[PDB]
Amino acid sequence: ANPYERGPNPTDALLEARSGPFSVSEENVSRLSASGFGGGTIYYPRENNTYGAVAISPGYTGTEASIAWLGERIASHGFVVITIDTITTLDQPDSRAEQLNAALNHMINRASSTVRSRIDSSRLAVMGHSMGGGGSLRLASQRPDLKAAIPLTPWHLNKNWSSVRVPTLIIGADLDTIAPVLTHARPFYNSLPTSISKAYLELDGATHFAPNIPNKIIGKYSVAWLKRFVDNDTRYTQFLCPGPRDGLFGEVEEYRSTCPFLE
């Protein structure tokens, strides 16, 4: 038995629903209380248990409102999730990496006892939009103990992520003009090692802002990746391997992976 399995055996409907099977509560993190980031919102399952924890960063000029839906959706599948504001809206990716790390340490050490009692501090993940996604790659390269990273339409001047040893799903947007996939997402994916669990999902008919509103594909595969790697939950491998169908008449523009993933 894997002790980290939470919730029912998954279906496409379970992952495409607007909410997961867990009811969620929220805790505000004031900018005054936040050490090393700008505050945020913690979403957590009401059901008392331990869960993996996830920190999510917005991008340049972005606020926590740009990523709130995804914190709430992921928490509803059995995770403790913090959506942050950064110290300033103009912070660069490597500053965002430090703020992600600070947000993980906040959830583990400084949130309410209601939140801290629901966290398995050994099972952590990071995500982010745009510069936030660049920050996710940077922190993942520094912290091989993270269980997953999910950069969403990532932006970073560093193209070489050969040092990353964390299971990483990069989601790109085909029509992205801010972080074009030819110069950001695809080079990032191609530089990740062939020896890690990794995937690249390029959305069809998507701008750079696709992650900022509820999106069935982003929510399905984000949750499947977190389940597979944060919870070691091999019930979710079915969604990732061989993964969504791509090209002409597909669900996505492109999907690449290193399937099969080691257990």
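All residue numbers refer to positions in the sequence shown, first residue = 1.
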Using only the Cα atoms and their B-factors as the entry lists them, report which of 202-210 and 223-231 averages higher. 202-210
Selected stretch [higher average CA B-factor]: 76-84 or 157-165: 157-165
Identity of residue with top Cα B-factor, from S136, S122, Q142, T114: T114
Could you place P242 in the lowest, middle or highest third of its chain by Cα temperature factor, using the values in the record? highest
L104 CA temperature factor, ranked by third within the chain: lowest
Per the entry's values, where does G62 land by CA temperature factor relative to the rest of its chain, in the lowest, middle or highest third? highest
Based on the deposited C-alpha B factors for this chain, I'd like to know if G20 is in the lowest, middle or highest third. lowest
What third of the chain, by the recorded C-alpha B-factor, contains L182? highest
